[PDB]
Structure formats: structure tokens, C-alpha cells
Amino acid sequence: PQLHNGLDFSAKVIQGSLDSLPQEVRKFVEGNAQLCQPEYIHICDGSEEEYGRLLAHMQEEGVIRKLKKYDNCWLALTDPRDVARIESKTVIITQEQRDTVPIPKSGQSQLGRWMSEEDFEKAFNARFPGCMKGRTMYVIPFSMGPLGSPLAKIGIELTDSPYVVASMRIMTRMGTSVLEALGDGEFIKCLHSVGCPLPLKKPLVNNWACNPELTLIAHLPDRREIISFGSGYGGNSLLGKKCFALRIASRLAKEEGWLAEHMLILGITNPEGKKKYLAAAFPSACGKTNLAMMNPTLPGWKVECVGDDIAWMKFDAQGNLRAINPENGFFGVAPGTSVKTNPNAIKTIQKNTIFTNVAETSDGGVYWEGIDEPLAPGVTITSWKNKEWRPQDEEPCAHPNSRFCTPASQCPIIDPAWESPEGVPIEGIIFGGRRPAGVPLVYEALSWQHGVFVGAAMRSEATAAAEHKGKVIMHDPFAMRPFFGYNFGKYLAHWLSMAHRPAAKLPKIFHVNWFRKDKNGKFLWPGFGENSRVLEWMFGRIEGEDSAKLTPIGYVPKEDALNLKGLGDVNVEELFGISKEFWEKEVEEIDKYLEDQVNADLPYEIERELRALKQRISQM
């Protein structure tokens, strides 16, 4: 026992029992309770009753609003400083810097942010002591991956935000049954605070508790800890998602021989009754959710959704690359979603869905740019800034990175194997990003090694998912730049090593560009459901169809190999144009980037593919 009261927080528990927790779980809750000083401790059970109480609570505190037009949907509006990921405040702590990022040749590293353990100690101690005064500490037991599955990973998140609790119930498998599966086994330790101890020294904007000045999202892979302070936005506060299932998991995957990637998983069935699964890595806000849920325009084709954002993959005993989606919902970008672009999303989000930073209509619905739906007379709009909004201002009505948070089981095309603990077999991997110039609609890699180099070479216009402005063209290898848990050079060698596995059925690798623009500045390709025409070509190439032509950058479809019927007006010359001037500059920029940023940790096979590409272009 103790010598006084001291450390027994039993009297403060308003739901559950510290005694019913596994020993290591109890030490985790109580040690941080003593540090953060919450007024109450709520051990989540994941039940419908509890969700209703949390929602009712948040509605009484002005944190969310009911959207009366839909069935159990809610709107939350944030402080405008707390709207996206902050890559410059996201850090990984290792003893040696080289374990986290390659030591660059000349400049600062863009492949992660390393912080020493001693420096993190000073930052932690300046933030967390007493940070939950007057608040409830919620204890969230959650599973990444199907519950009870051997490949699932379990975490415990402590947080003082009911908004985080509600969203974690949608995005993970959460509650009492997870604790029963965990037993006395290992768990990922997740600690979150909005960083606003009561009484408030500073008044809150839109009732949204956050601390932008002190915001810090830290990862400690050696201790299996994620520590996040000051932000409520989902990417920073839903610690099972980016922090756990990409950053921590990518290091675990390196150590254990699997992969954790920023990829969708879809199944596509053709008119002949054959179905294949594909994975695709596009950077944030570059089309993964719209592809994973696509409504194909080609008759006889069907797409089903396994996951839209995170894939965990491993070769099985038979040599098949098998993937699971570790998430339980979709946390998708709202603006641009409409009946014409993503009708399957529209059907999904009309019930049991939490919206953040979209507009509200006066009849209790939602609005955002590109929704493409007229309102009835008399209906008015309130912007995400909680202001009257007319369609002839300059501010958009919904934040560019506003999101819906919706259960995956509600998607009309959710794949029947999406909770299969054995995973689905991946037969192709797709890379791509926002390239307005030079990069053709689709090409295929020449080999496994060339395909890894294609992922390493990815570049893309910046988006609103993070703090980057200007629409400039940035490097984003494998769509994982903000998400590497460890040295990117070692990550490349891990990928390349997969071709050494016995009986490994390596998937085909493709690169796409939906975003090429003409001299006018409008897209050459209609995209969305029409991307089915590109997937058809990939499907045939996986079956071995002689439908490709060899080019300096890879294989591209032969003339008339793509079904272009019904479009007709598509400029095929510009969509597949390979300019030598463009690609000479492209290889130079890739060379400079890899040489500076990966330096001594660049695998030889990647350097060899760079040299070979440079030679093929020079012979044009």
C-alpha cells in the first residue's frame, strides 16, 4: 500500500474498476493520473449507452451539434489553428538519430523529425504535469485489426477529450471485449491531452479546447509509447491511426518482417467472374478514398472496399502477399464528395457519422464545396466558422481538410472479407500523386527493383492534409513522407528484400496520374468512376495480356488497349506524352534528393535503377 492516500485513484473512478484492469494497464492509468491530475477517471466499455452519454454530454457543453436532417449524425467545429496534421511538430525519439532518419549529406532531413530522449524529457515535463486538472481522463481500450485475431495490435489511449473517445469508437474496435482479449499481454501506450487544464486561463474558440503553441506529437518506438499534447484534430489525437498504425507499426513491421503502409485495399471483379485485390499508395488528399469506394462506369465491373487509408501486409506460407485493413471506419475528406464523384460515400455518411468543420444548413444538413447539390428555397448556410455564409463571399463554407468520420460496416460496397483475419491476397500495387505536368496517365514497372524505385521517386502537389501551402511539388516517397517510423534508407532495403523471399508471388507495380493538366489548366482525364478504365488495363496486365508497349519510363498501354469508348474527346497524345526535356529534369531532381536525403543509407539497387533510368532517357 501507501503511507497516505497517495496513489490509489479508485475514489475518482466514475465508470469501471481499476481492480478489473490488467496489472500493467492499471499502472499505466494510475501513473499518468498521478501526473496529469484528472478530476475523474472513466474506463470506456464501448457500449451504446456510453456513446449516448458522451454525445449528450458534448452537446450540453457546446462541443457538438445534432444534425437533425440525418440519423444520429453530429457536427463539431474546431479552433481554426487545430485543423490538420503538423508535420513540423511530429517527432520520433530514438537513442541514435540514424535509427529515425538517414543523416543527410548537406541539408536538413525531410524524412522525419528526430528528437533526443533528453530533449523530449524537458518538453514532456513542461506540458503534462497537471494538464488534466478539472477534466475526466477517459481510458480507451482499442484493437487495431479484427478483435481476437492473432495479427491485431492492442493499445490503451488516455485522453481528456470526449470528442476523441467518440471518434475512436468509430475508427477502431473499442471497449470491454478488447481488455478481455489483451489479458496480461503487450499493448501500445497512448497518452493524449488537449492541454487546457481548468480553470481556463485563455478563452476557447468555438468551444474547442486545444493548445497550439505547445502542440507536440511524439513517438517512442523503443518504449512502445505515443505521447500527444495540445491538438484535437483526428490525425494528432486518434493515436491508433497515423501514430500507431503507420509510424510505430512501420518499425515493428521492419523488426518482424511485414509492412505497414499508407494504402487503400480494394477488390475488383470483372465481367468473367474473376476477382483480384489491389493496394494503392497516394499521398494525403490525393484520391485513395475515392478510388477505394469507386462506382465504375464500365458495365460488368464491380469494386468493393476493404480499406481506404492503412494496410498491414505480410507474405504467407504459400508466397501470397496478404493485406488487412486495421481500421474500423473511414476518416475521409468531405469537400469534393458528391453523388457524381463518390456516391458510395454519400450513402455511407447519412447515419451514425461525426462531421468536423463542414457547413450546416438551416434544415439540419451538411454542406461543403463540390457537394454539387442545390438547396431548396429558404434554406440558409452556416459556415464552419459558425458564421452566416453566402455563396458569394471568398471564404469557403467548409474547411478544405474537413472530414467525416463514419463506420466502415455501413459502406454499401464493403468487401465481404474486410474483417477476415487471414487478409486478402494482393496482386498489384499502385503508386501516384498530383502531377500537373509530364507524368502520363499510367505506366507499369519493369521489375520489382524498378517498382521500388518508382515508389521512392514519387512527387506530388502539396495538399491541405498538413501545414504545407503553395501547391508546390514535393517529394513523398511511397506516400509515406509524414509517416516513416524509421530510417527511410532501411525502409527501401526492407522493400527490396521481399524479392529474396522463397516462393514470393510479387505483385505488379503501377504508377498513375489522374491530375495531368493541359495548356488551359483543366484536367485531361475525368477521373473518379472513369478510373475503372485504367483498372481494367491493370487487371489484364496481371493476367498476362499482351497489351503494353515498352518506353523509357516503363510499360504503357498499346494504342486501343484502353477502353476509351464514351469519352471520345480525350486527348490521348498529351495524356501519354513522354518528353525528354521533362524527364531529364525529373531524374536530376530525383538524383539530388536521394543523394542528399538518403546519402549513405541508399541501397545500391535503388542507385542502379536511377542510373538505368538516366541512361534510357539520354538515349531518347
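Whichever C-alpha set is largest while still superposing within 1.5 Å between the two forms counts as the rigid core. Numbers follow the displayed sequence, beginning with 1.
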Fill in the blank from the handout: Of the two stretches 309-317 and 147-155, CA positions deviate more in 8 other deposited structures of this protein after rigid core alignment for 147-155
Handout entry: More shifted region, core-based fit in 8 other deposited structures of this protein, 566-574 vs 60-68 by CA
Key = 566-574
Exercise for the section: Averaging only over Cα atoms, indicate whether 517-525 or 479-487 has the higher B-factor in the PDB entry. Expected result: 517-525
Completion exercise
The stretch whose C-alpha atoms carry the larger average B-factor in the entry, 93-101 or 426-434, is 93-101
Fill in the blank from the handout: Based on the PDB entry, the highest CA temperature factor among the options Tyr555, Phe576, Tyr40, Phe28 is that of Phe576
Handout entry: Among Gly240, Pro203, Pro507, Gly175 - the residue whose C-alpha B-factor is largest in the record
Key = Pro203
Handout entry: Assigned third (lowest, middle, highest) for the C-alpha B factor of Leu18
Key = highest
Completion exercise
Here the Cα B-factor of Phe244, set against its chain, lands in the third termed lowest
Handout entry: Assigned third (lowest, middle, highest) for the C-alpha B factor of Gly46
Key = lowest
Exercise for the section: Determine, from the deposited record, the chain-internal third of the Cα B-factor for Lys275: lowest, middle or highest. Expected result: middle
Fill in the blank from the handout: Assert third(CA B-factor, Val339) within chain per record equals highest
